[PDB]
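Protein chains in written order, with my numbering: chain U, 626 to 1476; chain V, 2 to 87. In this text, a Cβ means the ideal position worked out from N, Cα and C, and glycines have one as well.
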Amino acid sequence: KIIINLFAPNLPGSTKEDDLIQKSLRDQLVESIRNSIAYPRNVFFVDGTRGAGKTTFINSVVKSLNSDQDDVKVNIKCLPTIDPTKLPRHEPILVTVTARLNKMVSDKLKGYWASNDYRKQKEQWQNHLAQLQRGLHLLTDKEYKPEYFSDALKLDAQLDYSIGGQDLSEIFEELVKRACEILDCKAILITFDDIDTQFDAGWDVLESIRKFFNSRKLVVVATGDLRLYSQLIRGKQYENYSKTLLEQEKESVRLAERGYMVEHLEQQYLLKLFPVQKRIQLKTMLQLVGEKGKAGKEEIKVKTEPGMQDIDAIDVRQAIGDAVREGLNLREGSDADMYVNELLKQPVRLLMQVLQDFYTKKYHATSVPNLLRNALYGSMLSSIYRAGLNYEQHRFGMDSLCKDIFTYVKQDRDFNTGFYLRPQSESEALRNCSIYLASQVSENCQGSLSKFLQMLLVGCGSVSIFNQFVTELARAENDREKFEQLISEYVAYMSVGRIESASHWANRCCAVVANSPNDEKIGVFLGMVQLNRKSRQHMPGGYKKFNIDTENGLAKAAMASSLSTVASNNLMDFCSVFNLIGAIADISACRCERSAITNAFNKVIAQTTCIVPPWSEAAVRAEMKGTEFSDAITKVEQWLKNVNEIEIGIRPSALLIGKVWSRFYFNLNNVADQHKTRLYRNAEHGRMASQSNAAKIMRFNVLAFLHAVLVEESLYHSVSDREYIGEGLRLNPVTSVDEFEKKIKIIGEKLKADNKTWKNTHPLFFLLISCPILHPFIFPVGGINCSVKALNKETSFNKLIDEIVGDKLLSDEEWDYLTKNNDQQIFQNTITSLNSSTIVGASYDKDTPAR
Amino acid sequence: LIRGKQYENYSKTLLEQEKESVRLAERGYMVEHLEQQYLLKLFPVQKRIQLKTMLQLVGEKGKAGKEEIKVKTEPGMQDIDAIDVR
RNA sequence: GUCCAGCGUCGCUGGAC
């Protein structure tokens, strides 16, 4: 039972408290040390990596042994911590230890009160030091000398050594025995430090430990990394061979036992120095408590608000869940447990700092993700700098975010799920940067619609489209130089990371995917259809060129804003769904009066020309060759009026867009293949399921998009806390509007019983479903199925769509005419041209097959 | 400079034997790990300052750069006559 | 509508009456 606060009078950095939280670990370590000297190989290890707070722990046990209350006769006296790296080179460790040991004894010798005792010990203690210095010459010599033999036979006076000779190990052994008598203790503790700076500084430490610190009165604790300590031993074993033998016997079979013999020698060496039962590892707070369904052996309590009682504080696991869930607009479950699971594996020193920063600013501030990014920026700037992301403190924006998303997935080399930002990588340098990225997407996209579509259309989509062309060109693993160069051209072509318009990104996205024709070379691609620009010679039915001038009213304003002219070796005309999302994302950010949206609306409806990407054949020859709208404008201006109220309450999350596009990509991909096989000479006007048309494929792409946002928003968008879908299964519309009508009706009933509307909760779908631009696309002249079994499903669907928007969209005269089977009126809200437009590559002369 | 100094600590005799692709790549990461830790420990990340080049000072013709520089092409040339570096 | 002309491995595009 322990509680840790965040507000303290000293304003302590990182809020580590006093002696941290590892009291149970420390007391177990202290007892083992104390029990180890109850004899009537004291080498310990403290595992750690990447500065995980090892130095604080070793100091903590020092203050718990040099500040004892003299409770028990057995006592520990700790020398000051020795740092091999900072130690001056060409100085034996035994000399440094004795020098530091001298200060403790000499100061305690000065502290006596009995004059007779002080004079007796000083004479004897000073005698042992004079004995050691005589033998210190024997420790660092390059040659023997025959006059050292006389000193080897010099028998000790007033001292009895069981073995003759010099035996410098014995001289130090009797020196430490006296030092304990003066200090009245029973054991001496020597604390070493890391060697992560100087790799080879530890070889003198290892040799000294096994040579001179092997006795009963001495106990040594050493911290470090066993990788660093193992390559030293293995390397020094190879330097112990005859050099000539290593040049003659290298027949690859004699060498087989050369490597084996070194490892066997090295493995036994490590066990002798550091026994396995004397190794201690620090525990992160996750393995103490936090895993669901298990009662952890310890409980950690955290108080956030200033000055609460030690009884009403919140649990550590929930001290972060409330921060993460609402700081990233997550709700609960497998989506938010992963983020809080990874954060609990981090060192206790680091996490308590960011918790202190977030909670301190939260209480004083009374955007929440803005407080989560700033708190995390000042605690994980190391990994951002190492990972090559944008470590700028300020100068932020959406354009700079697109590269961050793209430059992160490339390092993770996983393009399928890169735009999920879920920390599943196997490197600790990247698992701490996804959290920072997931915080920025929440902050930037919270409370806007244009800022939501732009990041989805540009940042989120580029990781998926590029995966369709990596497999073909510049295979990754075969050659890194060409693969890395292709990415540089790709990111600089469509200007990922510095955008001029989301619509402009659509005018260039069409060309990038147009360069992958299938076997049949039909003019249909993923999310678009290729339209003829020149009239053909023969027309089997009522087919003709597009003739944009046929359309009128707002329907014409929906065609001009959906056409792109790719300038290949021969001019190509396209109609794409991606241009619509770009068109919406542009006008949705004017936020001004009518006068501004007279030009803002005008600029969206303009002919644009884009160049084939450089990584294509026609990159060189293409260069050589190369007021009725006032009513429509008025219709749009009302939409901007009631967007802003809904616009404020939107709160997207990182996982929401990841699931919006994943369903959007799969559904839109699955539309093209079904609608490309079934198209015949008399297949116009539809009226069944097999018959298809240019309008039908066009209308069905956007309907395949609104279904994607509808399903995911009610399940992941954070305004609500429950799913209004039920406990069934869900699919996507592929040829029928059935699945887009069944789901919307269920929400209409299961939500009406709870006394709520479509804008207080589940707001985003309401804005998309009700917009003047997309309205003509939903119900065109030739894309309506006409069958008695399925007319009612679409007829009921018209009212359901009308119910959500709350306004009439199709007059009964026009609605009947579209569904009339019979074969001069004017339409200003629906299109009449794509009913019989010409499709590129139509090579199916057979007609509709009966049965 | 640092990475060159870290290789010196490895015993020379160790580097002729055990030259296998798997072994060479094992120490190649470890040295680069000591490279970044030592460098980050010495100079903290939250204090390094990158000096802006001529581009960020000026910026693009249509974009906005947070400075303004004018040059001289005449002795005693009036400051009004000075023109942008572009 | 027919013609001239142009690009691609017939398909596609440009111009005029």
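Based on the DSSP output, what are the partners of residue i in its beta bridges?
i: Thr1233(U); result: Per DSSP, none; premise fails for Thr1233(U).
i: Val72(V); result: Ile84(V)
i: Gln906(U); result: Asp672(U)
i: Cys1411(U); result: For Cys1411(U), which the question treats as bridged, DSSP gives no partner whatsoever.
i: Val846(U); result: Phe669(U), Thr816(U)
i: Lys702(U); result: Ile813(U)
i: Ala1192(U); result: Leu1196(U), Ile1236(U)
i: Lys1169(U); result: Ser1462(U)
i: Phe1150(U); result: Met1153(U)
Between residue i and residue j, what straight-line distance do the alpha-carbon atoms span, to the nearest angstrom?
i: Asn1177(U); j: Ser1186(U); result: 13 Å
i: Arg1219(U); j: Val1268(U); result: 15 Å
i: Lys1375(U); j: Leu1340(U); result: 14 Å
i: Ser1089(U); j: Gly1283(U); result: 11 Å
i: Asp935(U); j: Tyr854(U); result: 45 Å
i: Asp1470(U); j: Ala1320(U); result: 20 Å
i: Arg1038(U); j: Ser1052(U); result: 12 Å
i: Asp1029(U); j: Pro931(U); result: 37 Å
i: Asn1172(U); j: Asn1292(U); result: 30 Å
i: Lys836(U); j: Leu895(U); result: 15 Å
i: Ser1345(U); j: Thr1386(U); result: 6 Å
i: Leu1055(U); j: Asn1015(U); result: 14 Å
i: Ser1007(U); j: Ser639(U); result: 16 Å
i: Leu843(U); j: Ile815(U); result: 8 Å
i: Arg1100(U); j: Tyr863(U); result: 42 Å
i: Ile1394(U); j: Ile1464(U); result: 28 Å
i: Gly678(U); j: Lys1266(U); result: 56 Å
i: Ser1278(U); j: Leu953(U); result: 6 Å
First and last residue of the beta strand (DSSP E) that includes residue i?
i: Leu1356(U); result: It is not in any beta strand (DSSP E) - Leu1356(U) carries neither H nor E in the DSSP assignment.
i: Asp1198(U); result: 1196–1201
i: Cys810(U); result: Counting along the chain, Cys810(U) falls outside any beta strand (DSSP E), and DSSP gives it neither H nor E.
i: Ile628(U); result: 627–629
i: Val1154(U); result: 1153–1156
In terms of residue numbering, what span does the alpha helix (DSSP H) encompassing residue i cover?
i: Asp652(U); result: 648–661
i: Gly1274(U); result: 1254–1274
i: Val686(U); result: 679–688
i: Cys1217(U); result: Neither: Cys1217(U) is in no alpha helix (DSSP H) and is coded neither H nor E.
i: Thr1302(U); result: 1279–1302
i: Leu1055(U); result: 1053–1056
i: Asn1069(U); result: 1059–1070
i: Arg1100(U); result: No alpha helix (DSSP H) holds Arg1100(U); DSSP gives it neither H nor E.
i: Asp1346(U); result: Per DSSP, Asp1346(U) belongs to no alpha helix (DSSP H) and is neither H nor E.
i: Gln756(U); result: 740–761
List the whole-angstrom C-beta distance separating residue i from residue j, where the pair is believed to meet the contact cut-off of C-beta under 8 Å.
i: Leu1151(U); j: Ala1297(U); result: 6 Å
i: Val1083(U); j: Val1121(U); result: 7 Å
i: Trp750(U); j: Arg803(U); result: 6 Å
i: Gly1407(U); j: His1332(U); result: About 21 Å separates the two Cβ atoms, so there is no contact after all.
i: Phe1199(U); j: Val1191(U); result: 6 Å
i: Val1137(U); j: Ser1193(U); result: Not really, about 12 Å apart at Cβ, beyond 8 Å.
i: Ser1189(U); j: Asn1132(U); result: 5 Å
i: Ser1317(U); j: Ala1308(U); result: 6 Å
Counting C-beta neighbours from all protein chains within 10 Å, is the total for residue i 16 or more, i.e. buried, or is it exposed?
i: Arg950(U); result: buried
i: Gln1232(U); result: exposed
i: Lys53(V); result: exposed
i: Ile788(U); result: exposed
i: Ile1451(U); result: exposed
i: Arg859(U); result: buried
i: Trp1286(U); result: buried
i: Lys1181(U); result: buried
i: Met1023(U); result: buried
i: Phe44(V); result: exposed
i: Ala1221(U); result: exposed
i: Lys928(U); result: buried
i: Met78(V); result: exposed
i: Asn660(U); result: exposed
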